[PDB]
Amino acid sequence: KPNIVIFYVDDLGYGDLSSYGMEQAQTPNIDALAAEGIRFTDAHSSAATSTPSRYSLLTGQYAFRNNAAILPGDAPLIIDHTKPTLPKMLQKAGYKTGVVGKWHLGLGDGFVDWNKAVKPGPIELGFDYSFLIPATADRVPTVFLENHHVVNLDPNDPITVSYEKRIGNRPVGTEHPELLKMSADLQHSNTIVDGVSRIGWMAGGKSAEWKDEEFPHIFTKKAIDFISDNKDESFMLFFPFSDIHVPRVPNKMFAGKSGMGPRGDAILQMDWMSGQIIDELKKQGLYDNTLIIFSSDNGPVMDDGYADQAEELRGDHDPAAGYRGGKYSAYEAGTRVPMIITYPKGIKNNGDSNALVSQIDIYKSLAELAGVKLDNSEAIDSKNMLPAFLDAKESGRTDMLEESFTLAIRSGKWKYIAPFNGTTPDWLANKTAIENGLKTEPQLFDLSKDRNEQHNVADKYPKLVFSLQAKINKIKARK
């Protein structure tokens, strides 16, 4: 039974790898995986934002089924811990499980006292070991959580977090721009730590504050500690990167080296972080009997809140590589992300694969790998794609959901986006460089003639529109 490692990059776009087209900088370590293994060209995150994609990846359930949406850093755990989870399925098969990186699935069951035992958390979800950034890099609280406790927390300088009003004695970005390494939009202009303002306020916790620049070393180290401690048994590591999420404050090992600014330097950081872990697996002789899944939680974004020159220094770079949309979108670039799989022992055919695969398929696929029988209720929306994960010649799905602020479905070459008639959060206004694809009219595209989704042919094909819409409706009605 192989080891499992899931490299999970924050906001990595389809074209954000040199093995997926990037010319202005290279990602040699990740590029090496694609050369050896299977490079997926029609693989998808379950959603176009973070919290819902992670929810599906770990539960095998569509995010809308529990209304999963981008969370604050003090939100309660959105996964019901009394139910099967992907890591839980693996412990069953005898795996040691661990997660090192950004969480963003919630913590606790109502009110998080950051100075006491924090639970339910990952450990209650079937992870033997955890070391987390609570939410995202740009949200408070601004600390690491190891298993059930905040790291380097001092009793006499206790932590409190607010998303309602300003608390504590830390400067805030709006009032002290001279303390800011980069300027930030109003949503991101609250409590300053390590010269960067964040979303929300945090009081206390000086001993426990993180230093963004120190991430690549902190997180690779904990990972390697986990691989070391558990090398004598079957282990699974979930490594959700904070990179390349804002704020991009890359390490000086990378800063200014991509020629694309902090966004590009962050891609570089990710690729070096990946390499440290892969190479350790190589040195310790674990690599050949390890299945590595490398992917992303959603599509790319340039300016996501900070004045980090992403647009000014982008040049010719296209982080979606010719697909319409990006982060937050129902268009292909919202969910169509790099996925690369390596497993020397088990891959029958290396090469590029265009199997229609969604990250929600990982659940049942690993189950088959681990030899675990699933309940009829466990991972209901998941499908076994293990053949297509190990053979670039196998096909994957017939049809596939993509979740955004609306819902969209792929059925072969067809791309349908259901009409949206709700309201969207105020911060979405900031992201208009990206076409979100939310219209009150139906949209239908043939990606085989129209890869970029520029020609809506729903008036040409009402037969098809009605069909695919009922499919989305029927999916929502699955009981």
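One-based numbering along the sequence shown.
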>> If you average the CA temperature factors as listed in the entry, which stretch comes out higher, 281-289 or 227-235?
In response: 227-235
> Which is higher on average in the deposited entry, the C-alpha temperature factors of 398-406 or of 370-378?
Replying inline: 370-378
> Reading the B-factor column of the entry, which of 332, 304, 128, 213 has the highest value at its C-alpha atom?
Replying inline: 128
> So among 38, 43, 429, 32, who wins on Cα B-factor in the entry?
Replying inline: 429
> Looking at the C-alpha B-factor of residue 418, is it in the lowest, middle or highest third of its chain?
Replying inline: highest
>> What third of the chain does residue 179 rank in for C-alpha temperature factor, lowest, middle or highest?
In response: middle
>> Going by the CA temperature factor in the PDB record, which third of the chain does residue 393 belong to: lowest, middle or highest?
In response: middle
>> Going by the CA temperature factor in the PDB record, which third of the chain does residue 103 belong to: lowest, middle or highest?
In response: lowest
>> Where does the C-alpha B-factor of residue 262 rank in its chain, lowest, middle or highest third?
In response: middle
